[PDB]
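Just one chain is shown here, as structure tokens, and it is the form deposited in one PDB entry.
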């Protein structure tokens, strides 16, 4: 094949996110049986059906027996096969069980998209598959120069917003990509001049990124249990890098992670201290802010392309009885997100 004229950083990114064995490695981390439910048999209607059984388990938990729960728990394992041998699998009887399997199915949606791009489309041996797979993302990815002003601001955002409670690792920036998904700037047009636009982090495991770059950040479907998400079904962002970095699910056994910097149109924020499982905002509000105990210093805010970057050092917020150590931002219309950067990160675990 022609050998591909993309920059080396962009080529390594494509290999990373379209890695088939990584998708399998992620599936088994959720205790899925690849014998019964391999990567190829995975589909949206099975995932949605599973979500719905998870919604029924939510219902039985909210109204209090281990007899009826058993049947609902078993129907879930019927739809998404798990690896337990000749088993008796563990019972899904609490809110934690619901949250955990919801977060798995979230990931399965992104893996299904990644794999479907991989096995859809055309097969040309005279093209480098790196280029082939790059085109399927429908995203322009360019490497940012390490000396540029936007690189300096971004590295400072990474540097200044690592939390003391997440000090089991620290982060090096390897590559900074400027990204532009097809049609997203057009979709963002109604919110482009809205007040309170903020450049915020979103981390995910690397096996979600083909899905994210092709489909954008999305809302979990109607079938998903709204109780499974702290502030309902929306797109979640953080202003502290380490909080988002945790959702990469790096380890000593694979600490290369990817993280997004997106422009989020927050507008009039509906501020909350504790969990609230809503499927729609109250009138006049464009986002939810989960109020952190700590927050980046408001005096140290900086502008990048007319978007506030909250890159100050973490200080006290003056909020008392909150569930959240750090801030959290949720939007409930996918048109309120414009993804601007993607960072490849080097996790230095000190444990």
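Positions refer to the first chain, counted from 1. The term rigid core refers to the maximal set of C-alpha atoms that superpose within 1.5 Å between the two forms.
- Mean CA B-factor, 47 to 55 versus 292 to 300: the higher value falls on 292 to 300.
- Stretches 202 to 210 and 170 to 178 differ in mean CA B factor, with 170 to 178 having the higher one.
- In this structure the maximum Cα B-factor among 221, 262, 90, 232 is found at 90.
- The PDB entry gives the largest Cα B-factor of the residues 83, 110, 271, 184 to 83.
- When the CA B factors of the chain's modelled residues are split into thirds, the value for residue 287 lands in the lowest one.
- Split the chain's modelled residues into thirds by C-alpha temperature factor. Residue 135 is in the middle one.
- Looking at the C-alpha B-factors along this chain, the one for residue 114 belongs to the middle third.
- In the deposited entry, the Cα temperature factor of residue 319 places it in the highest third of its chain's modelled residues.
- Compared with the other modelled residues of the chain, the Cα B-factor recorded for residue 280 ranks in the highest third.
Another form exists, deposited in another entry; not displayed. Remarks below refer to it.
- Checking 168, 185, 174, 100 for C-alpha shifts of 2 Å or more between the shown form and the other one, after the rigid core is superposed, gives a single hit: 100.
- Relative to the superposed rigid core, the position of the CA of residue 228 differs between the shown form and the other one by 2 Å or more.
- Relative to the superposed rigid core, residue 35 undergoes a CA displacement of at least 2 Å between the shown form and the other one.
- Put the two forms on the same core and the Cα of residue 247 is off by less than 2 Å between the shown form and the other one.
- Annotation: residue 326/residue 99 CA-CA distance longer in the other entry than in the displayed model, change of at least 3 Å.
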